[PDB]
Amino acid sequence: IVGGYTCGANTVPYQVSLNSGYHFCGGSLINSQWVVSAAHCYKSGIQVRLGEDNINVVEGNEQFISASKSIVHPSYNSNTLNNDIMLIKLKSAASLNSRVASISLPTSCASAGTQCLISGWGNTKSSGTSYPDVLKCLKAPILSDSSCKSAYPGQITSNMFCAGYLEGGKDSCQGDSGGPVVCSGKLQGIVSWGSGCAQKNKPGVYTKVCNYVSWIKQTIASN
Ligand SMILES: NC(=[NH2+])c1cc2c(I)cccc2s1
Ligand SMILES: [Ca+2]
Ligand SMILES: [Cl-]
């Protein structure tokens with residue numbers, strides 16, 4: 001997260017870290033046995049780490065659970081990143097409490113102007129590489145579709161939305177992929193892509209979760 005602030009330990013209880021010997025992506029807990037992340041974060045050997053703040057120190061509250069299966073959306077396109085969503089089923093259910101809790105799925109899509117909270121352990125430099133030890137947060141608004149399409153002509157599909165600042169300076173970045181964009185207590189986005197990080201007129205693009213609720217529900221119901 002570039003230009004963000006330190007969230008505070010366990011203030012984002014639904015945030016998870018996908019780990020394979022190091023942190024490579026973020027995700028969101030939606031019930032005690034399932035997590036939603038980005039399809040481009042897929043790999044084998046994923047351990048889901050819940051209740052984290054400093055990812056390099058065991059401080060207490062952590063729960064390390066292996067993924068039993070990862071379900072990448074069948075129509076995921078890695079060239080355009082259309083349908084960039086993945087569901088992970090945990091080997092055992094997590095113990096939910098105030099530090100580990102699930103986030104709700106939306107019942108309707110969000111409007112331009114909605115202020116949301118984006119979080120993660122990704123890079124904090126637009127020009128460079130600095131990964132933090134603790135979780136970073138950023139409050140950012142959803143932009144209008146015209147501004148988004150004008151910034152990335154020909155690359156935005158109806159399953160994506162832009163959020164951020166056109167002046168640059170504040171944005172999500174590599175390492176934040178798969179993490180949550182929460183607005184009014186509902187999970188509306190998943191960190192997907194962008195041109196560099198925090199560049200002027202190049203906001204972050206996110207997977208539009210409201211378009212996938214029936215799919216998530218049906219898939220969880222059959223697995
Ligand atoms: N500018 C951005 N919001 C992002 C830039 C990236 C990059 I560079 C890699 C992976 C994910 C993201 S999100
Ligand atoms: Ca830790
Ligand atoms: Cl267009």
Failed item, numbered, when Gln218 is tested on (1) of a type in the set (S, T, N, Q); (2) in the same structural domain as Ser20 (by CATH); (3) within 16 Å of ligand 3 (Cβ to nearest atom):
(3)
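Yes/no per residue for (1) closer than 24 Å to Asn211 by Cα; (2) in contact with a strand residue (DSSP E or B) (Cβ under 8 Å, 6 or more places away or on another chain); (3) within 16 Å of ligand 2 (Cβ to nearest atom); (4) among the hydrophobic types (A, V, I, L, M, F, W, C):
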position	(1), (2), (3), (4)
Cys7	no, yes, yes, yes
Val12	yes, yes, yes, yes
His40	yes, yes, no, no
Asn54	no, no, yes, no
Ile71	yes, yes, no, yes
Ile85	yes, yes, no, yes
Any idea which residue in segment 17-42 is nearest to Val72 (Cα to Cα), counting only those that are among the small types (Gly, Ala, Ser) and not in a strand (DSSP E or B)?
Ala39
If you go through segment 113-134 one residue at a time, do you hit one that is within 16 Å of ligand 2 (Cβ to nearest atom), among the aliphatic types (A, V, I, L, M) and assigned by CATH to the domain that holds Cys197?
yes
Filter segment 118-159 down to residues that are among the aliphatic types (A, V, I, L, M) and closer than 13 Å to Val205 by Cβ and give me whichever is farthest from ligand 3 (Cβ to nearest atom).
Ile118
Close pairs (7 angstrom Cβ cut-off, 6 or more residues apart or separate chains): more than 16 Å from ligand 1 (Cβ to nearest atom) in segment 136-156, part of a strand (DSSP E or B) and of a type outside the set (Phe, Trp, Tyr) anywhere:
none
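If the requirement is being among the hydroxyl-bearing types (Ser, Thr, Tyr) and either surrounded by 15 or more Cβ atoms within 10 Å (Cβ to Cβ) or under 19 Å from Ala110 (Cβ atoms) (or both), which of these qualifies: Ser222, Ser146? Reasoning before the result, please.
Details: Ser222 fails: either surrounded by 15 or more Cβ atoms within 10 Å (Cβ to Cβ) or under 19 Å from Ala110 (Cβ atoms) (or both).
Checking each option against the conditions leaves just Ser146.
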Restrict the check to segment 4-13 and report whether at least one residue is in a strand (DSSP E or B) and buried (at least 19 other Cβ atoms within 10 Å of the Cβ).
no
For segment 178-216, enumerate the residues that are of a type in the set (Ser, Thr, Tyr) and either within 16 Å of ligand 2 (Cβ to nearest atom) or part of a strand (DSSP E or B) (or both).
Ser192, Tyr206, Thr207
Exactly one of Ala93, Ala110 is more than 16 Å from ligand 2 (Cβ to nearest atom), in a loop (DSSP other than H, G, I, E, B) and surrounded by 19 or more Cβ atoms within 10 Å (Cβ to Cβ), and that residue is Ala110
For segment 29-50, what are the residues that are surrounded by 18 or more Cβ atoms within 10 Å (Cβ to Cβ) and closer than 17 Å to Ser98 by Cβ?
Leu29, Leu50
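Taking the stated definitions as given, is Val48 within 16 Å of ligand 2 (Cβ to nearest atom), hydrophobic (A, V, I, L, M, F, W, C), within 20 Å of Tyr131 (Cα to Cα) and not in a loop (DSSP other than H, G, I, E, B)?
Yes.
So basically every Cβ, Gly included, is an ideal-geometry build from the backbone, and we count neighbours across all protein chains shown. Numbers and lists here come from the model and the stated rules, or from a named source; no laboratory read-out is quoted.
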